Amino acid sequence: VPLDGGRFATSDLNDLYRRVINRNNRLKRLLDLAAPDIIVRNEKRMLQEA
Amino acid sequence: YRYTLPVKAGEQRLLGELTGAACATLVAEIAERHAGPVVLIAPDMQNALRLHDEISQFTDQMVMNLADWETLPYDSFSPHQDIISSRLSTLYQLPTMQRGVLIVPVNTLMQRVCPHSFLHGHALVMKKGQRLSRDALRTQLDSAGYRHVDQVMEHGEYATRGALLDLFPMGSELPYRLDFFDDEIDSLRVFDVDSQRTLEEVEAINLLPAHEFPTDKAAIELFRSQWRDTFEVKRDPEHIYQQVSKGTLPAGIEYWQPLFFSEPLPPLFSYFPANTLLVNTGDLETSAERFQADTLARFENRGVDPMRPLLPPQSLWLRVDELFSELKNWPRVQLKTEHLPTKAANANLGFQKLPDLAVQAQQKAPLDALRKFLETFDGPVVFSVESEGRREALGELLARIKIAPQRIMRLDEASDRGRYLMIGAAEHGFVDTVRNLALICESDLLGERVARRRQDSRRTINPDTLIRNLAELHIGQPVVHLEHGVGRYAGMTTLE
Amino acid sequence: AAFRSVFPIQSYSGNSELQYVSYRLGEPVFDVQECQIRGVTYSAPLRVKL
Amino acid sequence: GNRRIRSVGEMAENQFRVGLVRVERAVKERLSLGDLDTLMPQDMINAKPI
Amino acid sequence: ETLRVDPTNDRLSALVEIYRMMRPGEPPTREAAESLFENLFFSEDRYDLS
Amino acid sequence: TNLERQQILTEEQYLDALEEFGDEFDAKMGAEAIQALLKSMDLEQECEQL
Amino acid sequence: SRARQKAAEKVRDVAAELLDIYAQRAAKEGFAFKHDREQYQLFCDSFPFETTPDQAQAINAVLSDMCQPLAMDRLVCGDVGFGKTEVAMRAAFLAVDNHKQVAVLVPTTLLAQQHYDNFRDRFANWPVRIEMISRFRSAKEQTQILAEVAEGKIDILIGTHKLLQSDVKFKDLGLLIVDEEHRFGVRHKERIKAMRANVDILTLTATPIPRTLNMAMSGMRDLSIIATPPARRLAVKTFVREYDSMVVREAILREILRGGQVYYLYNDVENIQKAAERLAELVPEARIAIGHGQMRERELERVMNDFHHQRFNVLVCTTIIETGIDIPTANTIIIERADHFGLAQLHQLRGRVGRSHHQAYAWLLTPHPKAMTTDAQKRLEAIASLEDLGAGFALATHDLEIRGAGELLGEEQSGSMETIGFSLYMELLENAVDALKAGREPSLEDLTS
Ligand SMILES: Nc1ncnc2c1ncn2[C@@H]1O[C@H](COP(=O)(O)OP(=O)(O)OP(=O)(O)O)[C@@H](O)[C@H]1O
Ligand SMILES: [Mg+2]
């Protein structure tokens with residue numbers, strides 16, 4: 001929804017969903033690129049936290 | 001020759017006038033006429049490395065270091081067991097060596113080493129027809145201290161696949177495979193760490209333990225007994241008592257070495273053969289004292305943190321009084337760079353410093369010092385370069401003075417009126433006035449610092465404008481300050 | 001008190017420092033009445049002599 | 001006798017000092033960088049944290 | 001009773017116990033404890049009753 | 001091997017077990033490992049055994 | 001001086017220049033080198049080592065690329081200290097054996113001098129003349145070197161950015177070797193490719209800049225990785241601590257007692273004379289010199305010559321040693337304020353220690369971790385995450401995309417930049433090549449003549 005000032009509301013669920021999608025897509029790229037185990041393990045931990 | 005050699009209990013022989021990179025050729029001369037080892041005691045580890053690159057140039061005898069723990073006293077790092085493999089091996093060959101130079105610094109000479117009972121109690125020679133069982137040899141290596149792996153690559157590991165037992169001994173630099181049959185060794189074949197296939201087969205091979213302390217269960221029980229005798233236990237799983245009782249080893253456990261043995265560690269002067277001849281460099285009474293002071297300071301600084309407490313430094317290192325009371329059991333040749341006055345046990349060796357030789361493109365003739373020095377020298381002269389290409393970098397620099405140096409391998413080859421060149425890591429030259437020879441290294445064509453950039457003449461462009469700093473300026477009179485620009489002077493002020 | 005508690009700012013390289021001399025509150029751009037009318041803060045611009 | 005009054009001036013001064021800590025961090029950074037002879041006490045100090 | 005609960009006996013062990021209380025890990029030395037304690041409560045820069 | 005069903009290993013202990021028993025054992029980490037532990041479990045036989 | 005202004009609008013267009021350079025290199029056919037078996041086996045026997053089986057694969061690929069009619073274009077992206085240079089040196093021997101005037105291009109004067117020394121060491125038994133041109137050479141011998149090269153008598157010319165300044169004319173150039181390419185920029189990398197169209201570019205680096213890494217993985221340039229560790233290389237231990245005088249003193253004393261040498265990187269010339277004077281009071285046992293590229297040439301050259309001959313231990317330096325100075329005895333680098341350094345720069349600085357059988361540490365001192373920025377934290381937690389041999393390619397493929405591959409047809413090697421796709425680029429290149437094959441459009445660079 002907009003705030004009538006040209007700016008949109010935060011809508012905290014979209015922020016969490018966007019962070020989850022960001023970490024998941026980054027992790028897919030790391031899996032495709034055959035990333036080293038420690039980097040992909042850190043990213044998997046961050047996806048779990050998201 | 002110019003000086004006899006000391007062969008008695010502790011008689012000394014001081015050699016004087018030895019300039020830079022002359023200690024190397026004197027060590028190489030001594031090492032080829034003493035029927036026995038030479039244990040060169042460098043005053044500093046850096047210098048040791050320097051000497052290892054210099055003496056090996058002048059001679060063909062085996063000149064090797066003794067690999068120290070690369071850590072610092074009471075540090076928190078392991079010595080990287082490969083170095084341990086280069087340290088144990090020497091300690092096995094040290095009681096029986098007949099020719100060569102072994103270079104120890106004071107840091108490593110003041111240390112205390114295993115009991116050599118642990119050397120020839122945990123070290124073996126394996127021949128072909130050994131009637132030793134598979135599991136018997138496996139538990140032999142497990143008691144020695146090796147690590148059971150499946151992919152042995154480095155020092156101190158072994159792998160077992162039924163009748164195929166492949167181990168990497170710490171004697172050689174290559175691993176071996178045994179191919180057991182009827183509880184007997186059938187082959188002793190060297191296999192590569194990259195191709196994993198046999199290269200050839202050795203009739204008799206030597207293996208050495210994994211660490212400088214025993215590791216098996218009886219040794220761990222002895223360690224715990226000695227620990228509860230000396231220090232005190234805390235129940236916390238990174239204390240180095242309950243971290244060793246579990247089985248693993250801490251980072252810097254090598255400093256809790258006298259806890260494994262129940263016999264004091266020998267001063268390493270026990271390892272020397274029956275007839276060595278210690279050769280000195282610089283002074284020991286200042287480097288040993290500095291090392292003892294630094295080790296004691298670090299012990300006081302770090303002998304806190306009751307989890308991982310430290311042994312006394314007299315349990316691990318020789319006291320300086322001990323070291324100088326143990327150097328009195330061996331003959332010594334002390335090489336020092338000064339004029340030793342006159343007495344028996346004292347000789348002078350004419351080793352004048354090199355004259356002023358330098359190159360600079362400032363003049364028309366850059367090689368003027370060289371082209372005049374080489375003309376008025378009656379003996380030989382030997383250039384000493386460090387690389388091969390550097391040879392050409394000096395081979396076409398002496399072409400401007402019409403001199404081509406014939407290459408020699410040993411400095412004894414120099415004839416009377418010769419200009420030679422030889423390759424090695426000698427740093428500074430000398431003039432041996434005894435036999436009228438000269439050695440000119442690469443760093444003797446450069447000289448001192450040509451540092452003349454103190455200032456530039458900024459006194460130019462000073463006219464009436466400057467006014468000779470009369471300081472009679474009135475307020476509001478415009479002023480130029482060439483760093484920043486044009487402003488208006490506004491009087492004299494005081495500031496903090 | 002704030003300026004004396006913070007300044008002089010000495011560099012860690014070790015060559016220069018920035019010390020404080022005095023401060024002065026300038027005249028406000030507006031005053032109270034048109035600050036309320038336009039909808040802007042009634043504030044004075046701080047001017048410090050570094 | 002255990003509770004204390006923080007009136008308008010004290011709280012505003014504390015907030016000013018909190019904002020001035022970031023400024024002195026930035027100034028110390030710019031001073032510790034090299035080549036100070038072309039600088040003035042305006043290139044390093046920014047009025048936005050205050 | 002506190003002295004009989006005290007697991008230390010001298011000054012350096014007490015300082016090292018404080019050091020290990022503050023920052024777990026970071027194996028103690030002798031200056032790392034003494035300087036920490038002297039800058040904890042007894043430094044004009046990092047401690048100030050008003 | 002020596003290792004039992006769900007004994008946890010520290011990173012260093014995992015390196016030790018990977019060097020020493022580097023055969024086909026399945027020692028993983030994260031939600032993949034937890035999902036494998038849950039999926040390789042039979043509840044009925046476990047219920048009767050308990 | 002009106003610095004505020006954003007000047008004009010792309011004073012030049014680089015899409016057309018780079019497209020024409022690519023479409024002229026891909027139109028004609030390069031030199032087909034002739035390989036000698038038993039005359040190159042002697043040069044192999046001059047190598048006092050054994051080529052690791054992954055470097056004796058990069059060498060084989062390089063030679064089997066040079067011996068074909070197509071123009072070589074390769075990357076040799078292997079991690080630091082793994083023997084990348086000897087691949088270039090074997091390529092240079094095959095080139096010079098056919099009288100083809102190798103040109104080696106390195107992005108600093110210390111690399112210029114060290115590669116001059118290494119090449120002169122290696123080619124010390126062949127009729128091959130090797131010469132260096134940079135600012136360390138004078139102004140009277142630089143013109144002598146240029147006259148010799150244009151005459152055709154210097155067969156290997158090692159140089160810095162001087163090799164691109166339009167007065168360095170090669171007689172018959174047959175091989176280019178760009179070493180440490182991630183410090184040059186696109187204009188510097190085709191400034192010589194434009195003049196000699198069909199030259200064989202061999203490109204050595206450890207951490208490529210993202211453009212020339214995506215360009216290598218996407219099939220535009222051949223790739224040859226060298227992760228195979230050498231004789232006894234050990235993983236360099238990375239410690240990320242807040243700055244502490246006790247930590248600095250302990251590291252320097254640990255290295256001095258071992259006999260090695262210390263790099264102490266400050267990266268600020270204005271205060272380096274105070275940092276060294278302060279460190280010489282913190283650690284009195286050390287002998288300390290200062291080395292950077294903004295002091296006079298006959299002083300920096302002599303300081304860096306003294307450092308090789310063990311005349312001092314610690315050398316307080318700028319990032320002029322980021323480029324690949326070997327110095328095998330130096331085994332401890334201490335980066336004073338490592339928050340503002342790239343991942344590529346940090347890994348290159350970490351690569352200067354090791355190089356031998358010793359164990360080498362690397363301390364990256366930081367400020368208090370609430371005072372660092374966020375990107376510094378992400379960079380440091382990545383440089384400390386990867387401490388393994390061969391981690392210079394995973395780090396490069398992390399830097400690429402973290403920063404994204406830049407414009408494939410333009411400049412700006414690192415960045416998102418909304419580049420055109422590879423499919424559009426290959427179609428454009430084929431269109432330009434096909435339009436140039438028919439009506440042979442002269443080379444644009446010759447039009448500049
Ligand atoms: N196969 C090998 N076995 C043992 N040592 C090698 C081998 N190949 C190279 N080396 C040594 O490793 C060192 C690596 O230095 P070099 O400059 O050649 O490669 P590099 O450092 O990766 O290149 P750069 O300086 O461009 O980063 C060389 O001094 C060389 O002596
Ligand atoms: Mg290189």
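Residues numbered from 1 in each chain as written, not as in the entry; some residues may be left out. Chains lettered and ligands numbered in written order. Part of a larger assembly, values for the part shown. Heavy atoms only, no water. Residues with missing side-chain atoms left out of burial classes, pairs and counts.

Method of determination for the deposited model, per the PDB record: cryo-EM, at 3.3 Å resolution.

**A closer look at the overall build of chain E**
The condition that has to hold: Only DSSP runs of H or I with at least four residues qualify as helices, and only runs of E with at least two residues qualify as strands; both kinds are numbered from the N terminus onward. Taken over C-alpha atoms, the radius of gyration is set against a globule rule of 2.2 Å times the number of residues to the power 0.38. Buried means the residue's accessible area, taken with a 1.4 Å probe over protein chains only, is under 20% of the maximum for its type, while exposed means over 50%, and partly exposed covers the values in between. The convention is simple: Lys and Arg are positive, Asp and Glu are negative, and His and the chain ends are not counted. Positions of charges follow a simple convention, taking NZ of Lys, CZ of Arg, CG of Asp or CD of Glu.
Counting its regular elements, chain E contains three helices and zero strands. Starting at the N terminus, the α and β elements of chain E follow one another as α-α-α. Taking 2.2 N^0.38 as the reference for a compact globule, 50 residues should give roughly 10 Å; the C-alpha atoms of chain E span a radius of gyration of 13 Å, well beyond that estimate. The dimensions of chain E, computed from C-alpha atoms along their principal axes, are 35 × 25 × 15 Å. The buried share of chain E, reckoned over its 50 residues, is 20%. Charge centroids of chain E, computed over 6 positive and 11 negative side chains, lie 4 Å from each other.

**Considering the overall build of chain D**
Within chain D one finds one helix and zero strands. Relative to the compact-globule value of 10 Å for 50 residues, chain D shows a C-alpha radius of gyration of 16 Å, a clear excess of over 25%. Across its three principal axes, chain D shows a C-alpha extent of roughly 55 × 15 × 15 Å. The positive charge centre, built from 9 side chains, and the negative charge centre, built from 7, are 13 Å apart in chain D.

**Notes on the interface of chain G and chain B**
So the rule is basically this: Contacts between residues were defined by any pair of non-hydrogen atoms, one from each residue, lying within 4.5 Å. When residues are grouped by polarity, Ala, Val, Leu, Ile, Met, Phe, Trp, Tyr, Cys and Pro land in nonpolar, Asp, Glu, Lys and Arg in charged, and all others, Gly among them, in polar.
Taken together, the contact between chain G and chain B spans 29 residues of the former and 31 residues of the latter. Of all the secondary structure elements, the ones that give two or more residues to the side of chain G that touches chain B are α5 (109-122), β8 (237-239), α9 (245-258) and α11 (297-308) of chain G. Looking at the side of chain G that touches chain B residue by residue, the classes come out as 10 nonpolar, seven polar and 12 charged.

**Comments concerning the state of the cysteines**
Two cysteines, two sulfur atoms, one covalent bond between them: this is a disulfide. To keep it simple, the criterion reads: Disulfides are defined in this document as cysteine sulfur pairs within 2.5 Å.
All told, the structure shown has zero disulfides over all chains when counted by the stated rule. We note that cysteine 23 of chain B lacks a disulfide partner, and the nearest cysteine sulfur, in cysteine 441 of chain B, lies 13 Å from it.

**A closer look at the site of ligand 1**
Residue and element names in this part refer to chain G. In plain terms, the rule: Definition of nearness: a residue and a molecule or strand are near each other if at least one heavy atom of the residue lies within 4 Å of the molecule or strand. Between N or O atoms, a polar contact is any pair within 3.5 Å; within protein, one atom must be a potential hydrogen donor and the other a potential acceptor, and residues adjacent in sequence are included only when both atoms are from side chains. Calculation of accessible area relied on Shrake-Rupley with a 1.4 Å probe; when residues are assessed, cover is drawn exclusively from the protein chains displayed.
Taken together, 18 residues lie near ligand 1, and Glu50, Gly81, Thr85, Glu180 and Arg233 sit nearest. Between ligand 1 and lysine 84, the relevant distance is 3.5 Å, taken from an oxygen atom to a side-chain nitrogen or oxygen of the residue. Take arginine 355: an N or O atom from its side chain is 3.2 Å from an oxygen atom of ligand 1. Starting from 630 Å² of accessible surface for ligand 1 in isolation, the protein chains cover 88%. Of the residues that constitute the shell around ligand 1, the class distribution is four nonpolar, seven polar and seven charged.

**Brief notes about the sheet that holds strand β18 (residues 351-352) of chain B**
Residue and element names in this part refer to chain B. Selection rule: When DSSP finds two or more bridges between a pair of strands, those strands are recorded as paired.
Pairing is mixed in the open sheet, where six strands are placed in the order β18-β22-β23-β19-β21-β20. For this open sheet the edge positions go to β18 and β20 (406-407), each flanked by a neighbour on one side alone. Sheet topology note: the strand β19 (residues 381-385)/strand β23 (residues 437-441) ladder contains three bridges and is parallel. Note on β23: the bridge partner recorded for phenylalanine 383 is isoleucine 440.

**Description of the pattern of salt bridges**
What counts, and what does not: We define a salt bridge as a contact between a side-chain nitrogen of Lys or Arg and a carboxyl oxygen of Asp or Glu at a distance within 4 Å.
Following the criterion strictly, the structure yields 62 salt bridges over all chains and no others. Salt-bridge contacts for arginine 177 of chain B lead to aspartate 166 of chain B; the nearest nitrogen and oxygen are separated by 3.3 Å. Residue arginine 177 of chain B is located in strand β9 (residues 176-177), and its partner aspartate 166 of chain B is located in strand β8 (residues 164-167); the two are separated by 11 residues in the primary sequence. Taking the relative accessible area as the measure of exposure, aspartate 166 of chain B reaches 4% and is therefore buried. Taking the shortest distance from any N to any O, the salt bridge between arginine 379 of chain G and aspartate 375 of chain G comes out at 3.4 Å. Highlighted residues: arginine 379 of chain G and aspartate 375 of chain G, both in helix α13 (residues 374-383), separated by four residues, approximately one helical turn. Looking at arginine 379 of chain G, the relative accessible area reads 18%, which means it is buried.

**Things to note about a negative patch on the surface**
So the rule is basically this: Patch membership requires more than 30% relative accessible area and the absence of a salt bridge. Residues of like charge join within 9 Å; the nonpolar side chains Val, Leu, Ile, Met, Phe, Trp and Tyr join within 5 Å.
A surface patch of like charges, here negative, comprises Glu483 of chain B, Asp35 and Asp37 of chain D together with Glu270 of chain G. If you trace the backbone, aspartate 37 of chain D turns up in the segment after α1 (8-32).

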